[PDB]
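Coordinates from coords_13.cif are shown below (mmCIF, C-alpha atoms).
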data_run
#
loop_
_atom_site.group_PDB
_atom_site.id
_atom_site.type_symbol
_atom_site.label_atom_id
_atom_site.label_comp_id
_atom_site.auth_asym_id
_atom_site.auth_seq_id
_atom_site.Cartn_x
_atom_site.Cartn_y
_atom_site.Cartn_z
ATOM 1 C CA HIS A 1 130.098 62.315 103.102
ATOM 2 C CA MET A 2 129.473 58.549 102.830
ATOM 3 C CA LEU A 3 125.982 57.177 103.425
ATOM 4 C CA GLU A 4 124.903 60.743 102.607
ATOM 5 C CA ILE A 5 125.235 62.776 105.807
ATOM 6 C CA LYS A 6 124.576 59.760 108.060
ATOM 7 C CA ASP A 7 121.575 57.456 108.483
ATOM 8 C CA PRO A 8 118.555 59.366 109.934
ATOM 9 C CA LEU A 9 115.523 57.060 110.439
ATOM 10 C CA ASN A 10 111.770 57.852 110.861
ATOM 11 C CA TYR A 11 110.147 54.436 111.254
ATOM 12 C CA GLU A 12 106.617 55.161 112.495
ATOM 13 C CA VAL A 13 105.451 52.311 114.741
ATOM 14 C CA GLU A 14 101.636 52.354 114.364
ATOM 15 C CA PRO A 15 100.025 52.897 117.839
ATOM 16 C CA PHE A 16 98.162 49.979 119.462
ATOM 17 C CA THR A 17 97.539 48.595 122.979
ATOM 18 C CA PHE A 18 99.482 45.604 124.332
ATOM 19 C CA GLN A 19 99.738 43.634 127.565
ATOM 20 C CA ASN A 20 103.165 43.360 129.214
ATOM 21 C CA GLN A 21 104.764 40.476 131.185
ATOM 22 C CA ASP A 22 102.922 41.796 134.322
ATOM 23 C CA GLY A 23 99.588 41.252 132.492
ATOM 24 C CA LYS A 24 99.486 45.064 132.618
ATOM 25 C CA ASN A 25 98.002 47.094 129.743
ATOM 26 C CA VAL A 26 100.312 49.567 127.957
ATOM 27 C CA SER A 27 99.772 51.549 124.730
ATOM 28 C CA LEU A 28 102.043 53.790 122.664
ATOM 29 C CA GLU A 29 99.971 56.496 124.429
ATOM 30 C CA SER A 30 102.257 55.957 127.464
ATOM 31 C CA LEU A 31 105.423 56.266 125.279
ATOM 32 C CA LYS A 32 104.507 58.803 122.553
ATOM 33 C CA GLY A 33 106.262 61.959 123.682
ATOM 34 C CA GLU A 34 109.173 59.913 125.046
ATOM 35 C CA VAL A 35 112.388 58.425 123.546
ATOM 36 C CA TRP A 36 111.647 54.798 124.309
ATOM 37 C CA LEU A 37 113.834 51.830 123.385
ATOM 38 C CA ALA A 38 112.415 48.804 121.506
ATOM 39 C CA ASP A 39 113.446 45.293 120.471
ATOM 40 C CA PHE A 40 111.707 41.957 119.869
ATOM 41 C CA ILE A 41 112.937 38.360 120.350
ATOM 42 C CA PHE A 42 112.040 34.680 120.804
ATOM 43 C CA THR A 43 113.534 32.201 123.335
ATOM 44 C CA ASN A 44 112.491 28.605 122.702
ATOM 45 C CA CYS A 45 115.335 27.294 120.670
ATOM 46 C CA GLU A 46 118.745 28.492 122.049
ATOM 47 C CA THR A 47 120.388 27.304 125.297
ATOM 48 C CA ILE A 48 121.285 30.837 126.375
ATOM 49 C CA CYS A 49 124.928 31.620 125.467
ATOM 50 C CA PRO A 50 125.633 34.635 123.141
ATOM 51 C CA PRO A 51 125.255 38.266 124.385
ATOM 52 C CA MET A 52 121.653 38.271 123.118
ATOM 53 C CA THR A 53 119.735 40.280 125.758
ATOM 54 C CA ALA A 54 123.079 41.228 127.405
ATOM 55 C CA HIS A 55 123.150 44.549 125.531
ATOM 56 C CA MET A 56 119.595 45.391 126.683
ATOM 57 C CA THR A 57 120.631 44.222 130.209
ATOM 58 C CA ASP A 58 123.678 46.474 130.104
ATOM 59 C CA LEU A 59 121.567 49.384 128.848
ATOM 60 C CA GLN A 60 119.007 48.734 131.657
ATOM 61 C CA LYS A 61 121.685 50.416 133.815
ATOM 62 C CA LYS A 62 121.933 53.536 131.597
ATOM 63 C CA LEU A 63 118.105 53.481 131.534
ATOM 64 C CA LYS A 64 118.122 54.740 135.170
ATOM 65 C CA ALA A 65 119.470 58.060 133.763
ATOM 66 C CA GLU A 66 117.127 58.035 130.729
ATOM 67 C CA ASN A 67 114.179 56.794 132.865
ATOM 68 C CA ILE A 68 112.002 59.958 132.699
ATOM 69 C CA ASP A 69 109.118 57.796 131.397
ATOM 70 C CA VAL A 70 111.147 56.209 128.653
ATOM 71 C CA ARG A 71 110.808 52.422 128.915
ATOM 72 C CA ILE A 72 112.617 49.750 126.969
ATOM 73 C CA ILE A 73 109.814 47.727 125.331
ATOM 74 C CA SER A 74 110.537 44.205 124.076
ATOM 75 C CA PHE A 75 107.746 42.415 122.159
ATOM 76 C CA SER A 76 107.415 38.632 121.801
ATOM 77 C CA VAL A 77 108.304 36.916 118.569
ATOM 78 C CA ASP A 78 106.057 33.921 117.911
ATOM 79 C CA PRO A 79 104.131 34.368 121.183
ATOM 80 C CA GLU A 80 101.843 31.392 120.438
ATOM 81 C CA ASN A 81 104.645 28.819 120.848
ATOM 82 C CA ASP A 82 107.029 30.984 122.954
ATOM 83 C CA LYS A 83 104.518 32.805 125.253
ATOM 84 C CA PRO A 84 105.476 35.497 127.843
ATOM 85 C CA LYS A 85 106.404 32.631 130.210
ATOM 86 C CA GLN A 86 109.358 31.911 127.900
ATOM 87 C CA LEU A 87 110.379 35.582 127.982
ATOM 88 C CA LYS A 88 110.035 35.331 131.813
ATOM 89 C CA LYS A 89 112.220 32.164 131.888
ATOM 90 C CA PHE A 90 114.728 33.878 129.564
ATOM 91 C CA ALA A 91 114.723 36.923 131.881
ATOM 92 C CA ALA A 92 115.446 34.442 134.688
ATOM 93 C CA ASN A 93 118.624 33.552 132.658
ATOM 94 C CA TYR A 94 119.735 36.904 131.162
ATOM 95 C CA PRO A 95 120.098 38.631 134.581
ATOM 96 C CA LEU A 96 117.697 41.498 133.805
ATOM 97 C CA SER A 97 115.388 43.845 135.684
ATOM 98 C CA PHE A 98 111.688 44.302 134.789
ATOM 99 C CA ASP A 99 112.363 47.556 136.750
ATOM 100 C CA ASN A 100 111.654 49.750 133.706
ATOM 101 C CA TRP A 101 111.443 47.133 130.942
ATOM 102 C CA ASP A 102 108.106 46.271 129.259
ATOM 103 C CA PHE A 103 108.289 42.795 127.697
ATOM 104 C CA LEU A 104 105.104 42.739 125.558
ATOM 105 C CA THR A 105 102.903 39.769 124.633
ATOM 106 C CA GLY A 106 101.431 41.074 121.359
ATOM 107 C CA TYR A 107 99.204 37.945 121.372
ATOM 108 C CA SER A 108 98.623 35.563 118.418
ATOM 109 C CA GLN A 109 100.704 36.172 115.292
ATOM 110 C CA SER A 110 97.477 37.281 113.548
ATOM 111 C CA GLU A 111 97.389 40.130 116.122
ATOM 112 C CA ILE A 112 101.187 40.640 116.122
ATOM 113 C CA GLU A 113 101.284 40.645 112.286
ATOM 114 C CA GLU A 114 99.901 44.003 111.186
ATOM 115 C CA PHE A 115 101.496 45.757 114.188
ATOM 116 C CA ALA A 116 105.008 44.344 113.684
ATOM 117 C CA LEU A 117 104.697 44.574 109.869
ATOM 118 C CA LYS A 118 103.929 48.293 109.883
ATOM 119 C CA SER A 119 106.368 48.964 112.709
ATOM 120 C CA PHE A 120 109.397 46.777 111.945
ATOM 121 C CA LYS A 121 108.589 44.207 109.153
ATOM 122 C CA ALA A 122 108.918 41.685 112.015
ATOM 123 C CA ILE A 123 106.086 39.121 111.705
ATOM 124 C CA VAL A 124 106.073 35.294 111.908
ATOM 125 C CA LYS A 125 103.431 33.746 109.578
ATOM 126 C CA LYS A 126 104.428 33.444 105.893
ATOM 127 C CA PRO A 127 107.930 34.815 106.192
ATOM 128 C CA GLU A 128 109.740 33.029 109.046
ATOM 129 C CA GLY A 129 112.053 36.052 109.436
ATOM 130 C CA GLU A 130 114.574 35.681 106.479
ATOM 131 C CA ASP A 131 117.032 37.765 108.549
ATOM 132 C CA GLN A 132 115.571 37.740 112.077
ATOM 133 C CA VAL A 133 116.022 33.992 112.564
ATOM 134 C CA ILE A 134 119.703 33.157 113.094
ATOM 135 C CA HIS A 135 120.989 35.454 115.900
ATOM 136 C CA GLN A 136 119.777 39.049 115.409
ATOM 137 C CA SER A 137 119.167 41.156 118.550
ATOM 138 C CA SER A 138 118.702 44.606 117.036
ATOM 139 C CA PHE A 139 117.862 47.716 119.041
ATOM 140 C CA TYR A 140 115.373 50.343 117.901
ATOM 141 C CA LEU A 141 115.243 53.819 119.543
ATOM 142 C CA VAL A 142 111.644 54.936 119.102
ATOM 143 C CA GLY A 143 111.170 58.706 119.098
ATOM 144 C CA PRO A 144 108.475 60.933 120.573
ATOM 145 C CA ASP A 145 106.093 60.889 117.566
ATOM 146 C CA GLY A 146 106.513 57.079 117.492
ATOM 147 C CA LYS A 147 109.125 57.233 114.661
ATOM 148 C CA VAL A 148 112.421 55.384 115.131
ATOM 149 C CA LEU A 149 115.468 57.669 114.907
ATOM 150 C CA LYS A 150 118.331 55.261 115.669
ATOM 151 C CA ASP A 151 118.871 51.494 115.729
ATOM 152 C CA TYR A 152 121.908 49.405 116.774
ATOM 153 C CA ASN A 153 122.712 45.656 116.557
ATOM 154 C CA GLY A 154 124.581 45.104 119.845
ATOM 155 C CA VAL A 155 126.942 42.444 118.410
ATOM 156 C CA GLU A 156 127.938 45.192 115.888
ATOM 157 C CA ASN A 157 128.399 43.617 112.384
ATOM 158 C CA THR A 158 124.995 44.816 110.981
ATOM 159 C CA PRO A 159 124.068 47.956 112.990
ATOM 160 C CA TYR A 160 120.558 48.226 111.489
ATOM 161 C CA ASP A 161 120.753 52.066 111.494
ATOM 162 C CA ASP A 162 122.230 51.786 108.011
ATOM 163 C CA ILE A 163 119.776 49.146 106.802
ATOM 164 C CA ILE A 164 116.662 50.754 108.348
ATOM 165 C CA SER A 165 117.794 54.184 107.041
ATOM 166 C CA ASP A 166 118.341 52.808 103.518
ATOM 167 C CA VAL A 167 114.992 51.005 103.693
ATOM 168 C CA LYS A 168 113.500 54.320 104.979
ATOM 169 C CA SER A 169 114.587 56.296 101.935
ATOM 170 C CA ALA A 170 113.960 53.396 99.526
ATOM 171 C CA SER A 171 110.416 52.977 100.949
ATOM 172 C CA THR A 172 109.310 56.608 100.366
ATOM 173 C CA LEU A 173 111.656 58.629 102.590
ATOM 174 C CA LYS A 174 109.683 58.426 105.813
#

Encoding of this model in structure tokens:
Amino acid sequence: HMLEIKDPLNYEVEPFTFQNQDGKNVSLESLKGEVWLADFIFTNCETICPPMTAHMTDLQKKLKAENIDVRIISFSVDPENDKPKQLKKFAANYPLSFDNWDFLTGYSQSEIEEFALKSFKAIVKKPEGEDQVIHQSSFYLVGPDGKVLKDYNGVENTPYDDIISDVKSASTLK
């Protein structure tokens, strides 16, 4: 045994309704039941170079097999300055497929705040990100209830299973 008997997570992402990069409305309603993948990023600074979305892009392939109605959601970090147009432009660089990939607006950080706080601690307002600034591109695997059950970090080094698990227990063992 090491980190106990592994790093089970249960990170409940509070349901809400969002608009995707198609201007199309989607809620957790459409995903709760399913094992849907999640991430969140900006693209505003950066030239495009590291394997940032590359992991997601690679997994988009696998997704065909997982498809059922699992979607890989990807919400905007600081959507006021970035905006879904930047995610679109970035998707025009990282050679990805909207195919079965819901890039979500979230809208103003006031809107994004409570959502991303509860869900992931991932707001931009008072904190800048004190972690999710430099080059993080962490996966979440969001379970059927809406609780996350695995993470990964793509570029390895800080897999985020371990951290989110530890935070899970430390919080109040969700």

Problem set entry | Hits of the PyMOL selection byres ((chain A and resi 133-143) around 6) in this structure, as a PyMOL selection string | chain A and resi 35-39+52+129+131-132+144-148+150-153

Exercise. Given the choices A:155, A:164, A:173, A:47, which gets closest to residue 89 in chain A if the distance is worked out from all atoms listed in the file?
Worked result: A:47

Exercise. If we count all atoms listed in the file, what is near range 97-114 of chain A at a cut-off of 8 Å, once residues fewer than 2 positions away on the same chain are taken out, given as a ChimeraX atom specification?
Worked result: /A:18-21,57,60,63,67,71-76,78-80,83-84,87,91,95,116-118,122-125

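Among A:22, A:119, A:30, A:4, the residue with the shortest atom-to-atom distance to residue 88 in chain A, counting only C-alpha atoms, is A:22.
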
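Take the candidates A:126, A:32, A:61, A:168 and check each one against residue 7 in chain A using only C-alpha atoms; the shortest distance goes to A:168.
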
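Across the model, the gap from CA of residue 28 in chain A to CA of residue 6 in chain A is 27.5 Å.
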
For this session: Provide the CA of residue 77 in chain A to CA of residue 115 in chain A distance in Å, to one decimal place.
Result: 12.0 Å

Problem set entry | Pick from A:5, A:41, A:149, A:170, whichever lies nearest to residue 53 in chain A using only C-alpha atoms | A:41

Exercise. Nearest to residue 46 in chain A among A:93, A:70, A:10, A:65, with distances taken over all atoms listed in the file: which residue is it?
Worked result: A:93

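One finds CA of residue 64 in chain A at 28.9 Å from CA of residue 82 in chain A.
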
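Using all atoms listed in the file, the residues found no farther than 7 Å from residue 17 in chain A, other than those of its own chain fewer than 4 positions away, are residues 25, 26, 27 and 28 of chain A.
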